[PDB]
């Protein structure tokens, strides 16, 4: 269980039917090219909490929850360098719905690679305990 300050790039929601971490990265690269997602997030920071329950993203004053990504519904999360030349680290989360009929992609940008990796480690430990 841990909290991190992150920025929010955006989401591609309600996709139907990306098996492979490389495929997800490529999918998002192309989505950015096609204007579905920004390349660079707005500067506004959010609080990302990671735990056994999943990932929660809240405003920086904790007054409002933006996203709740429950562990049950997380399919995979990929951490990667955005490739834009500044070494920024992204987290791309693939999630599904209660019936596992639709998928959504959520993309965040971390302050540092150390933090992105820390986030992944908590998530991986979370799955381990199941």
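Numbering follows the first chain given and starts at 1.
Exercise. What is the count, as a class, of unmodelled deposited residues between residue 17 and residue 18: none, 1 to 3, 4 to 9, or 10 or more?
Worked result: 4 to 9 residues lack coordinates between residue 17 and residue 18.
For this session: Would you mind comparing 18-26 and 116-124 for me and telling me which has the higher average C-alpha temperature factor in the entry?
Result: Averaged over C-alpha atoms, the B-factors run higher in 18-26.
For this session: Pick between 42-50 and 60-68: the one whose mean CA B-factor in the entry is higher.
Result: It is 60-68.
For this session: Please pick out which of 105, 86, 73, 91 has the largest Cα B-factor as recorded in the entry.
Result: The C-alpha B-factor peaks, among 105, 86, 73, 91, at 86.
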